[PDB]
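For reference, the structure discussed in these notes is given below.
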Amino acid sequence: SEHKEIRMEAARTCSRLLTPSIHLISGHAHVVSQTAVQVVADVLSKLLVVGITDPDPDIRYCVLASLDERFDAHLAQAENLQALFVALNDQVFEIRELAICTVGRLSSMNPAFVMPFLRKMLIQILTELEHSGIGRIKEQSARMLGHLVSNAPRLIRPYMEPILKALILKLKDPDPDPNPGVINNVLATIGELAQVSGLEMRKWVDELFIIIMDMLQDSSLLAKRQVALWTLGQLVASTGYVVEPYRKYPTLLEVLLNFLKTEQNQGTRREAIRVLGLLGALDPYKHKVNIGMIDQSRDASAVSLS
Amino acid sequence: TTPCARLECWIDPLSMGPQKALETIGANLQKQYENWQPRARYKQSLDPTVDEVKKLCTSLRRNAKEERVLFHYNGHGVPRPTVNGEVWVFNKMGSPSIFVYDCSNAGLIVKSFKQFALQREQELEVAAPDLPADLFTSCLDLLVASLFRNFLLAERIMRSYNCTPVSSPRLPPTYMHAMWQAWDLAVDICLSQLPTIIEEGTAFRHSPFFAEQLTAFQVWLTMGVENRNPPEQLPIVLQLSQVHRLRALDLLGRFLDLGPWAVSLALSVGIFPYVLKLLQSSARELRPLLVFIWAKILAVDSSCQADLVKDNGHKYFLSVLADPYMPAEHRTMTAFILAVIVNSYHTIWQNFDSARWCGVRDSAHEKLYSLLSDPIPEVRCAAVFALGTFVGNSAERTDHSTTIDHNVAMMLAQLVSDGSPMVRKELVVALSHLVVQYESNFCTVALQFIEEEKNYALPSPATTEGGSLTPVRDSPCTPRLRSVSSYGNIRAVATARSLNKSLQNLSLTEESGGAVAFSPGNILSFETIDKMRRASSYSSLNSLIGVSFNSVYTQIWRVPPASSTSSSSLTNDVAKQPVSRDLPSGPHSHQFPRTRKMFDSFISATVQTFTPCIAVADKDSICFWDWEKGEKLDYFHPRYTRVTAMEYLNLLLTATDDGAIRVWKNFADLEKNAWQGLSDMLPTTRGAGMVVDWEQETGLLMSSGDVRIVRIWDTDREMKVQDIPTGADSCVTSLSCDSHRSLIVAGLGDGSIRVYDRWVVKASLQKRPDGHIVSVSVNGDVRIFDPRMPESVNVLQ
Amino acid sequence: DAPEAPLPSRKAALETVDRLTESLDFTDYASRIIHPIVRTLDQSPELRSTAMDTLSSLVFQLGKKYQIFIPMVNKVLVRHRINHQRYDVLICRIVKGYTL
């Protein structure tokens, strides 16, 4: 196991210019726990790498991340990476984002360096990481974040008015992605009123993007608990309607759950009456295994058939 | 003063007239100013003259007191009213501060100053003179009143507006107004600092202190709402600038929403995150989450200290920064708020840890005279030692110690009380940390002939001061000549008798520092008493030593274990078996347990290795008679070569008295047992090498000599002189390596020891006055070393 | 990237500067400001002196982003051959503004 890389030291350290990707696609399996791998985790990130050859010599030290001894080198790795996000490299934007996810994350500089990528937004999904990417870190110190956060919705909420869409969906994905941040979302929950309206008034476009409106309504409802008892029956109504236009309903699956995880339960089948039939309807029709699946949970988690 | 200083006021209704409640608003200012204070002259509507009068009244009002002075204005239909003169003829510790409220003229007014100053600066010179400094003019729809006027009052009041205004209040909702008083006690305390962050953020270095000035300067920054109008009203100041920005600014934003909940009803809260959430990761960077930052924080910590807070965790986090010092310690004093607040609490116990930890390290910053803080520590710092705990107070007690030894503000009587408690625990700690500390607590006495009460421990510590450790440390030698400062007055008289007693008690620490230190004025372990034995070798496990004796009876001593004589006159050799206690001698052999001879120019040096007895035989063919066989496999070929010593892992060494030191390639003698043959024959040292060091785990050479110098040698590819020791005035018997470390450990016919560093520099030197060191011993990892001298051997650690 | 009309490419990049001078500029937008830095390398050297000024106008207000963003732009104008001036002057200035 050991000698596999032991000579490859000189090799991986030395050139072979186009290949050392595969040098460093290795190790990466495995170990060789001696302190050279420290410096090996270093100098090949000190060259560093150039011209789209970059992504893994990023991923690597992310996979090569370790601790605790020399704390410089640890976030010194990060230091580098942090800088490296910007430089074109459109997945290598993502990819180093996609990494880390644990650990160390902190240095007050960093959030100020973390944030701007949330402030990219381009490309959209790049941001969508750091939200969750801070989703934890949010709750280390909201000090920087919670407000840096609070900006974002305060930045984001206004985006509900401005025409359509391509952003109004680029509202959607960033809506929950902070929800790994809990408390802030709690202490506001006017995202209800905004979005509660967002679905109602129609018909604006194809609006195909709507479906992801709902996902957030859902994941929110988790942190939303009996607080969320507000506005419901409408939702139960509206969605209960929304169940029967404009299909695929992957959400109403996940959607209706969490409502009942916020617990209007058995009387619901009065308010909305036919939901039984309405489900009893769907069940044979759709395949969409989840839809096959979730109606159960829908049913199941709802009720108790009376 | 209380309230601070003199202030000016004006209002523009129009021109020369009163008004309903226009009277009333003026006081509200003075009130608000008293809420910020001071001697305030209200006016209304005046034609310029009536104004001009009271300026001179305040120009009379004696501000050499005031810490500042103010000139307010407000909006009249553009009253031009002495663009220059009254202003400029009243012009540049009661420091003047000017205030402007304009559509335009504000800057112009400011612009005017400099311009008029440009005159009233330059044109004064040829008159050989108004000096602009400490004279500043601060600059200024549906819901306003007068913004920049309200701004400073009203600091938060205005803030609540830019809250309600607008888009954010969707989230926090909702508005109403007012009420909410004692929960608001924090918002100020917050918004107090919330700006100051940006301040320490942007300050550089123009800054506070002086209060009401900064109080404005703070409230100035509330102008960043400025948002109203595409002329976002852009106050101008030249005593900056960001506004905007300043994350705390973006931060206070939801620090409001923390309050917008509880205000809805019922209060209830209470609490709120801000100070807390700011407090927490202040440790983060404080630990290692910052690269220099610049502390990013400390400003916050200051006001944070003032409350019961959280006060500890702050004061805790304080010492954290005090740990990250020295580098940021200045920045602490930049903020200095310790000097403010740390001194501001002389009121600690649990805190005494931090009060030490913060304050000690603070007090450590070296320094500022405590002044009355010295009586406070004479209370507080003294009462800390009451528990005799902890070592957390070990040197922490000694914080205040050198202060009395620093300068005299007594430091004598208030110290006398401590003078009792100080020396008391001094011997009770018996730890050089608080002791070498308490050495300063001792030093705290200054001159101050005190009492036998003082003279009581004078001997008592001096005893432990004899004890110390490595008492021959030249550190004592200087520390000896230290108190000899008091002794320049000798030989007389009274305690001078008592002085000489404590004086003579310390023996002498002599070189190497003393070798330098002497002219400026101009552990020693075991010592056996018997006739001088030539070479001495301990049994490994047992402290029983062989000592080959000049009295021919080679003695065993477990530090008498036994003598032995199979030999005559000088017995110059003992080498114990590397495993057994079996020792050779010269060339009789013994085993200290059997304590008798095994088997017998004479061979004065032999050492067990392989299993060589490594010895250079004077038959001139060096004979190592291998103790198993007692047979010499190498006898090879014009003197008695000075050395046969196995180079540890690999080899041997031979110096020759002709001057040629010959490194051994002994391989074919070791491979048989090139029997004896020279690797490097290098006459440099004119004669017999007094010591050769074949490095323990490496191959360096050495040549010691009685040449009154030494040469370190590097023998790898070939022997070459590494560096040279020197400074010997007498015959240097030998040296050695430190086992793992590099210490040339040398000794001389003076009885003194030279510990020399790999510069070939003797760093430490043990000296004995009466001896001549021809012999030494060493214990490598754990260390107890047996030296020798003319009376008899002296072991030392 | 505009359609290929070169006028906006400058003129847009100007109205920026206009506000890049004025209030509320950087942090909320950073990459989106640095992204077009590349668009200067690609399209007409027209865009240089505008890029000179766009980027410059930034350098004034916020220096955080400035330093970052040191190296990126260092390589930027290499391909675009500029390596000058006032922007660099600012760079010198504000690096010195860090020494100051």
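Every chain in the structure tokens has a letter given in the order shown (A, B, ...), and although residue numbers restart at 1 in each chain, ligands are simply numbered from 1 in the order shown.
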Legend entry - chain C contacts on chain A, only C-alpha atoms, 7 Å, as a list in words: residues 86, 87, 116, 119 and 120 of chain A
Each chain A residue no farther than 9 Å from chain B, nearest pair in Å, only C-alpha atoms, as CSV:
residue,atom,partner,partner_atom,distance
A:71,CA,B:288,CA,7.9
A:72,CA,B:288,CA,8.9
A:104,CA,B:289,CA,8.9
A:106,CA,B:289,CA,6.2
A:107,CA,B:289,CA,4.2
A:108,CA,B:290,CA,6.4
A:109,CA,B:290,CA,7.3
A:140,CA,B:281,CA,8.2
A:141,CA,B:277,CA,6.5
A:142,CA,B:277,CA,6.9
A:143,CA,B:277,CA,5.6
A:144,CA,B:251,CA,7.9
A:146,CA,B:254,CA,8.3
A:147,CA,B:251,CA,5.6
A:148,CA,B:251,CA,7.7
A:150,CA,B:254,CA,6.9
A:151,CA,B:250,CA,7.9
A:154,CA,B:168,CA,6.5
A:158,CA,B:167,CA,8.6
A:187,CA,B:261,CA,8.5
A:188,CA,B:171,CA,6.0
A:189,CA,B:171,CA,8.3
A:190,CA,B:171,CA,6.5
A:191,CA,B:171,CA,8.9
Inset, instruction - Select all residues from chain B having any atom no more than 10 Å from an atom of chain C (counting only C-alpha atoms, ignoring ligands), output as a ChimeraX atom specification. - result: /B:204,227,232,241-245
Inset, instruction - List the neighbours of region 23-29 of chain A out to 9 Å using only C-alpha atoms; skip same-chain residues closer than 4 positions along the sequence, and give me the result as a ChimeraX atom specification. - result: /A:5,8,11-13,16,19,56-57,60,63-64
Legend entry - Selection near residue 85 (chain C), 12 Å with only C-alpha atoms, sequence-local residues under 6 positions removed, as an MDAnalysis selection string: chainID C and resid 48:49 51:53 55:56 77 91:93
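Note that CA of residue 693 (chain B) and CA of residue 534 (chain B) are 19.9 Å apart.
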